[PDB]
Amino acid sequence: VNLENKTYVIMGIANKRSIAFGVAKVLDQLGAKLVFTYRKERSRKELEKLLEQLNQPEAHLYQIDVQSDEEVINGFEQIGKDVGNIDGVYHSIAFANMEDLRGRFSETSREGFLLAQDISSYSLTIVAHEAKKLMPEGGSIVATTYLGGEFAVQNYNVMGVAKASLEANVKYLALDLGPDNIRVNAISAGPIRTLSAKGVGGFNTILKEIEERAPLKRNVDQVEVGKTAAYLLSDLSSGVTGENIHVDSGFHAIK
């Protein structure tokens, strides 16, 4: 991997522990130009300060709430006007109400169900549709998933079903965008301490189970997701699409 002359859009950095920030450090070290999108004001503040550890000469920052069609549309439109054509997009975005990340899955409200679907799954579809305008001769889109999309897992609840959805959204976008030379793939990350993880029931007892039971007998970090992201986002992976690569110490393969 050498990524000079490539440009990637990274969605979903909130702070220095975001998985997406591990992705940014890996592409930035490999020479990529990076463009960042955020929702909260605070996230933009964290980004402005995090850019200082990065080799990026210019901060390219865009507020995109992927709940709004408008913002996703105008956002990628503006990126294209500012930095020209891009080579792919790292998607690191999900959301559920607290209520819905513990207790009984059977008590999920309609509203918290669809909210999780909207932000964590649907958002990839609209991003794919808008980013593709910026990839007239091909590129790579990567989303972040979790083993809870493949098995029923304690507490993950409404997000499990949103990840199952995301993982199919990836396969369907791969089939659709493939003839355009646009590849689409998931990374299934193992548990990592991030802002978002602090809201998931039983996160610590899962962290520890990995260490004890996963083939590598250790947890992964954001940089390790970064390294697999670079592979997927680069020509090193040009034969690979509709795939989900587990970066989880091997925990997916055992029972």
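Rigid core: the largest C-alpha set superposing within 1.5 Å between the two forms. Residue indices: 1-based, along the sequence shown.
Root-mean-square C-alpha deviation from the shown form, taken over all structures in 9 other deposited structures of this protein superposed by the rigid core, is larger for 39-47 than for the alternative among 39-47 and 224-232. Farther from the shown form on average, by C-alpha root mean square after a core fit in 9 other deposited structures of this protein, is 138-146, of the stretches 173-181 and 138-146.
Taking the mean C-alpha B-factor of each stretch as recorded, 58-66 and 183-191 are not equal, and the higher mean is that of 58-66. Look at the mean CA B-factor for 167-175 and for 130-138 in the entry; the higher one is 130-138. Among all modelled residues in its chain, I73 ranks in the middle third by Cα B-factor.
Ranked within its chain, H91 lands in the lowest third, by CA B factor from the PDB record. Ranked within its chain, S121 lands in the lowest third, by CA B factor from the PDB record. Among the modelled residues of its chain, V153 has a C-alpha B-factor that falls in the middle third according to the deposited record. Sort the chain's modelled residues by C-alpha temperature factor and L50 lands in the highest third, per the entry.
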